[PDB]
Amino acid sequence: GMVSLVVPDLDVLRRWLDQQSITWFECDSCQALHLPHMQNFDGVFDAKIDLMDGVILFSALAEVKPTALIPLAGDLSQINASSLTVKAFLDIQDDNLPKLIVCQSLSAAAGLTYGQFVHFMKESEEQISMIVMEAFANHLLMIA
C-alpha cells in the first residue's frame, strides 16, 4: 500500500525508535541518540544514531589495542570489502585509545519511510555487530 515519505529530523528518528521499542539515550555534550543495547556485543563501548547534512548514520565504537593498530589498519580494505553496506575506519587521537568506527548510513534528503528506517536499523545492527565481533574474536579490541 502507501506510506508516508518524510525528510526526518531528530524528533522523527526518536519516535521511529520508540515505535520499534529500541531504547535511546542522549549525551549532554553530543548530538547523537545513543543505543545502549549495542553494548551487549563484545568490544562495543558505544553505538549511536547521528543525523548529519540529511544523512543518518548508525555507528558503533570499539577501543583498539595499541599493538593491533597496525595490523588493523592493514586489514581495513578486506573489512570494508566484506560488507555490502557497512564501513569501517580508524579514529586515532593523541590523547586517547585509538577507536574502530564501524558504521552504516541511510541518505534521508529525498525522504524516507518508517519501514525503510526499520530495515536500516536491522541490517545495520547485523552488519555492524558482525564486523565488531569478528574483530573482538581476532584479539584486536580492548574489553569495554
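Numbers follow the displayed sequence, beginning with 1.
The stretch with the higher mean CA B factor, choosing between 31-39 and 51-59, is 31-39. Stretches 79-87 and 92-100 differ in mean C-alpha B factor, with the higher average recorded for 92-100. Among all modelled residues in its chain, residue 6 ranks in the middle third by Cα B-factor. Sort the modelled residues of the chain by CA B factor and residue 25 lands in the highest third. When the CA B factors of the chain's modelled residues are split into thirds, the value for residue 136 lands in the highest one.
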